[PDB]
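Below is input-v3.cif, holding mmCIF, C-alpha atoms.
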```
data_final
loop_
_atom_site.group_PDB
_atom_site.id
_atom_site.type_symbol
_atom_site.label_atom_id
_atom_site.label_comp_id
_atom_site.auth_asym_id
_atom_site.auth_seq_id
_atom_site.Cartn_x
_atom_site.Cartn_y
_atom_site.Cartn_z
ATOM 1 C CA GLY A 1 65.079 -16.685 -87.700
ATOM 2 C CA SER A 2 66.659 -16.418 -91.146
ATOM 3 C CA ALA A 3 64.295 -17.941 -93.680
ATOM 4 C CA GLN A 4 62.795 -15.854 -96.450
ATOM 5 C CA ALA A 5 59.798 -16.944 -98.516
ATOM 6 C CA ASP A 6 56.319 -16.161 -99.813
ATOM 7 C CA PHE A 7 53.750 -15.620 -97.076
ATOM 8 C CA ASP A 8 49.952 -15.671 -96.961
ATOM 9 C CA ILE A 9 48.190 -14.997 -93.655
ATOM 10 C CA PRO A 10 45.430 -12.416 -92.839
ATOM 11 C CA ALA A 11 44.913 -10.653 -89.550
ATOM 12 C CA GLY A 12 44.625 -13.886 -87.690
ATOM 13 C CA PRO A 13 45.504 -15.325 -84.302
ATOM 14 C CA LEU A 14 49.273 -15.142 -83.821
ATOM 15 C CA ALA A 15 49.826 -18.893 -83.101
ATOM 16 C CA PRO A 16 48.480 -20.080 -86.426
ATOM 17 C CA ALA A 17 49.877 -17.065 -88.132
ATOM 18 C CA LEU A 18 53.274 -18.445 -87.259
ATOM 19 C CA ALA A 19 52.019 -21.969 -87.715
ATOM 20 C CA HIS A 20 50.996 -20.833 -91.197
ATOM 21 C CA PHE A 21 53.993 -18.532 -91.707
ATOM 22 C CA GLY A 22 56.696 -21.108 -91.093
ATOM 23 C CA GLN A 23 54.868 -23.399 -93.474
ATOM 24 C CA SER A 24 55.380 -21.325 -96.588
ATOM 25 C CA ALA A 25 58.277 -19.657 -94.850
ATOM 26 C CA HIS A 26 60.070 -22.766 -93.681
ATOM 27 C CA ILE A 27 60.363 -20.789 -90.454
ATOM 28 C CA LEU A 28 60.237 -22.248 -87.028
ATOM 29 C CA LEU A 29 58.478 -20.717 -84.153
ATOM 30 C CA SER A 30 58.949 -21.454 -80.421
ATOM 31 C CA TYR A 31 55.930 -20.107 -78.563
ATOM 32 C CA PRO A 32 53.719 -21.444 -75.766
ATOM 33 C CA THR A 33 50.040 -21.947 -76.249
ATOM 34 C CA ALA A 34 49.688 -19.899 -73.177
ATOM 35 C CA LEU A 35 50.815 -16.887 -75.129
ATOM 36 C CA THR A 36 48.974 -17.755 -78.311
ATOM 37 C CA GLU A 37 45.751 -18.244 -76.344
ATOM 38 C CA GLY A 38 45.455 -14.526 -76.358
ATOM 39 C CA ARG A 39 47.468 -13.421 -79.348
ATOM 40 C CA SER A 40 45.588 -12.324 -82.399
ATOM 41 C CA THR A 41 47.471 -10.602 -85.082
ATOM 42 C CA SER A 42 47.794 -9.032 -88.347
ATOM 43 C CA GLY A 43 48.610 -11.280 -91.122
ATOM 44 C CA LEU A 44 51.491 -11.867 -93.352
ATOM 45 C CA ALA A 45 51.371 -12.373 -96.992
ATOM 46 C CA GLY A 46 54.280 -11.590 -99.233
ATOM 47 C CA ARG A 47 57.637 -12.777 -100.521
ATOM 48 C CA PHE A 48 60.021 -11.519 -97.799
ATOM 49 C CA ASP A 49 62.467 -12.367 -95.028
ATOM 50 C CA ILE A 50 61.748 -14.055 -91.715
ATOM 51 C CA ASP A 51 62.385 -10.655 -90.332
ATOM 52 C CA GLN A 52 60.002 -8.748 -92.538
ATOM 53 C CA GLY A 53 57.357 -11.419 -92.761
ATOM 54 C CA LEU A 54 57.587 -12.102 -89.068
ATOM 55 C CA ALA A 55 57.505 -8.383 -88.467
ATOM 56 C CA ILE A 56 54.461 -8.137 -90.754
ATOM 57 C CA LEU A 57 52.590 -10.994 -89.263
ATOM 58 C CA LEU A 58 53.843 -9.579 -86.005
ATOM 59 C CA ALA A 59 52.985 -6.054 -87.025
ATOM 60 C CA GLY A 60 52.419 -4.065 -83.847
ATOM 61 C CA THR A 61 50.186 -6.814 -82.430
ATOM 62 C CA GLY A 62 50.863 -6.669 -78.772
ATOM 63 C CA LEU A 63 53.717 -9.035 -79.545
ATOM 64 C CA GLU A 64 57.385 -9.209 -80.399
ATOM 65 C CA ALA A 65 59.528 -12.068 -81.646
ATOM 66 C CA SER A 66 63.056 -12.771 -80.488
ATOM 67 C CA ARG A 67 64.831 -14.173 -83.551
ATOM 68 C CA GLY A 68 67.489 -16.859 -83.470
ATOM 69 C CA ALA A 69 70.323 -18.296 -85.573
ATOM 70 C CA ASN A 70 68.744 -21.686 -86.163
ATOM 71 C CA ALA A 71 65.556 -20.521 -87.871
ATOM 72 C CA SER A 72 63.842 -21.172 -84.568
ATOM 73 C CA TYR A 73 62.319 -17.992 -83.220
ATOM 74 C CA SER A 74 60.667 -17.331 -79.920
ATOM 75 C CA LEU A 75 57.916 -14.845 -79.095
ATOM 76 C CA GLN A 76 57.672 -12.037 -76.595
ATOM 77 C CA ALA A 77 54.554 -10.157 -75.559
ATOM 78 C CA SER A 78 54.419 -6.519 -74.524
ATOM 79 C CA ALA A 79 50.685 -5.898 -74.062
ATOM 80 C CA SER A 80 49.657 -8.861 -76.260
ATOM 81 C CA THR A 81 47.426 -8.200 -79.279
ATOM 82 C CA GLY A 82 47.706 -4.579 -78.204
#
```
Can the structure from this file be put into structure tokens for me?
Amino acid sequence: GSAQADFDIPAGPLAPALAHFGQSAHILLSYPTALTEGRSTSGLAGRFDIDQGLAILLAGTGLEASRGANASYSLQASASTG
């Protein structure tokens, strides 16, 4: 996690939020479907950092992402989607 860009994702499932985030964000996301098949989240849409964007997209939505140093993040879920 260390790629800043312009984001555009509404309060959508987490999986595709990241799948859509990393697209415009050039970010990489390591998450199971298992997790995603339950994660719905706020959306991200702005010119920011992996951190911020991720954190936006990941805004308090039952989730939490463990950043990396290769642009490849990994998710964590404390009471998924709240």
| task | Please identify all polymer residues within 6 Å of residue 40 in chain A, counting only C-alpha atoms, omitting same-chain residues fewer than 2 positions from it, and present them as a VMD selection string. | result | chain A and resid 12 to 14 81
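The space separating CA of residue 41 in chain A from CA of residue 69 in chain A comes to 24.1 Å.
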Would you compute, for all listed atoms of range 2-18 of chain A, the axis-aligned bounding box grown by 4 Å on each side, and then report its centre and edge lengths in Å rounded to one decimal, as AutoDock Vina command-line options?
```
--center_x 55.6 --center_y -15.4 --center_z -91.5 --size_x 30.0 --size_y 17.4 --size_z 24.7
```
| Hey, what's within 12 Å of residue 63 in chain A if we count all atoms listed in the file and toss same-chain stuff fewer than 6 positions away? As a list in words, please? |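 The filter keeps residues 13, 14, 15, 31, 35, 36, 38, 39, 40, 41, 42, 54, 55, 56, 57, 74, 75, 76, 77, 78, 79, 80, 81 and 82 of chain A.
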| task | Find the residue from A:34, A:44, A:29, A:11 that sits nearest to residue 65 in chain A; use only C-alpha atoms when measuring. | result |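 Looking only at the distances to residue 65 in chain A, the closest residue turns out to be A:29.
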| message | As an exercise, work out the distance from CA of residue 5 in chain A to CA of residue 37 in chain A in Å and give it to one decimal place. | response | 26.3 Å
| Interatomic distance between CA of residue 30 in chain A and CA of residue 3 in chain A? |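 We find that CA of residue 30 in chain A and CA of residue 3 in chain A lie 14.7 Å from each other.
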| task | Would you please work out which residue, of A:47, A:66, A:59, A:1, is nearest to residue 28 in chain A when using all atoms listed in the file? | result |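 Comparing A:47, A:66, A:59, A:1 against residue 28 in chain A, the winner is A:1.
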If I only have part of range 63-76 of chain A, can you fill in N, CA, C and O atoms and write it as a PDB file, in the frame of the given file?
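Output (out-v5.pdb):
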```pdb
ATOM      1  N   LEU A  63      52.664  -8.051 -79.622  1.00  0.00           N
ATOM      2  CA  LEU A  63      53.717  -9.035 -79.545  1.00  0.00           C
ATOM      3  C   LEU A  63      55.056  -8.561 -80.070  1.00  0.00           C
ATOM      4  O   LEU A  63      55.202  -7.446 -80.571  1.00  0.00           O
ATOM      5  N   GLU A  64      56.028  -9.452 -79.942  1.00  0.00           N
ATOM      6  CA  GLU A  64      57.385  -9.209 -80.399  1.00  0.00           C
ATOM      7  C   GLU A  64      58.164 -10.509 -80.402  1.00  0.00           C
ATOM      8  O   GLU A  64      58.215 -11.212 -79.398  1.00  0.00           O
ATOM      9  N   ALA A  65      58.803 -10.812 -81.521  1.00  0.00           N
ATOM     10  CA  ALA A  65      59.528 -12.068 -81.646  1.00  0.00           C
ATOM     11  C   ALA A  65      61.033 -11.909 -81.537  1.00  0.00           C
ATOM     12  O   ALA A  65      61.643 -11.066 -82.193  1.00  0.00           O
ATOM     13  N   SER A  66      61.613 -12.745 -80.689  1.00  0.00           N
ATOM     14  CA  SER A  66      63.056 -12.771 -80.488  1.00  0.00           C
ATOM     15  C   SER A  66      63.682 -13.799 -81.429  1.00  0.00           C
ATOM     16  O   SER A  66      63.671 -15.000 -81.153  1.00  0.00           O
ATOM     17  N   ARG A  67      64.223 -13.315 -82.539  1.00  0.00           N
ATOM     18  CA  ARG A  67      64.831 -14.173 -83.551  1.00  0.00           C
ATOM     19  C   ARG A  67      66.000 -14.990 -83.023  1.00  0.00           C
ATOM     20  O   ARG A  67      66.537 -14.728 -81.946  1.00  0.00           O
ATOM     21  N   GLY A  68      66.377 -15.989 -83.814  1.00  0.00           N
ATOM     22  CA  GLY A  68      67.489 -16.859 -83.470  1.00  0.00           C
ATOM     23  C   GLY A  68      68.447 -17.049 -84.636  1.00  0.00           C
ATOM     24  O   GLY A  68      68.372 -16.324 -85.628  1.00  0.00           O
ATOM     25  N   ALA A  69      69.350 -18.022 -84.519  1.00  0.00           N
ATOM     26  CA  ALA A  69      70.323 -18.296 -85.573  1.00  0.00           C
ATOM     27  C   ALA A  69      70.186 -19.729 -86.062  1.00  0.00           C
ATOM     28  O   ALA A  69      71.101 -20.288 -86.666  1.00  0.00           O
ATOM     29  N   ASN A  70      69.028 -20.312 -85.793  1.00  0.00           N
ATOM     30  CA  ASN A  70      68.744 -21.686 -86.163  1.00  0.00           C
ATOM     31  C   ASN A  70      67.416 -21.790 -86.897  1.00  0.00           C
ATOM     32  O   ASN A  70      66.925 -22.885 -87.172  1.00  0.00           O
ATOM     33  N   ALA A  71      66.845 -20.629 -87.189  1.00  0.00           N
ATOM     34  CA  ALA A  71      65.556 -20.521 -87.871  1.00  0.00           C
ATOM     35  C   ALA A  71      64.430 -20.726 -86.878  1.00  0.00           C
ATOM     36  O   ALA A  71      63.252 -20.666 -87.228  1.00  0.00           O
ATOM     37  N   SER A  72      64.809 -20.967 -85.627  1.00  0.00           N
ATOM     38  CA  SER A  72      63.842 -21.172 -84.568  1.00  0.00           C
ATOM     39  C   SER A  72      63.719 -19.916 -83.718  1.00  0.00           C
ATOM     40  O   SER A  72      64.591 -19.599 -82.909  1.00  0.00           O
ATOM     41  N   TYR A  73      62.624 -19.216 -83.920  1.00  0.00           N
ATOM     42  CA  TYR A  73      62.319 -17.992 -83.220  1.00  0.00           C
ATOM     43  C   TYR A  73      61.627 -18.286 -81.908  1.00  0.00           C
ATOM     44  O   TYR A  73      61.351 -19.437 -81.576  1.00  0.00           O
ATOM     45  N   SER A  74      61.402 -17.241 -81.150  1.00  0.00           N
ATOM     46  CA  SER A  74      60.667 -17.331 -79.920  1.00  0.00           C
ATOM     47  C   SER A  74      59.948 -16.014 -79.696  1.00  0.00           C
ATOM     48  O   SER A  74      60.518 -14.958 -79.926  1.00  0.00           O
ATOM     49  N   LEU A  75      58.699 -16.066 -79.247  1.00  0.00           N
ATOM     50  CA  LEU A  75      57.916 -14.845 -79.095  1.00  0.00           C
ATOM     51  C   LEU A  75      58.047 -14.185 -77.732  1.00  0.00           C
ATOM     52  O   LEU A  75      58.449 -14.790 -76.738  1.00  0.00           O
ATOM     53  N   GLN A  76      57.681 -12.917 -77.749  1.00  0.00           N
ATOM     54  CA  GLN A  76      57.672 -12.037 -76.595  1.00  0.00           C
ATOM     55  C   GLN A  76      56.416 -11.178 -76.696  1.00  0.00           C
ATOM     56  O   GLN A  76      56.008 -10.785 -77.791  1.00  0.00           O
TER      57      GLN A  76
END
```
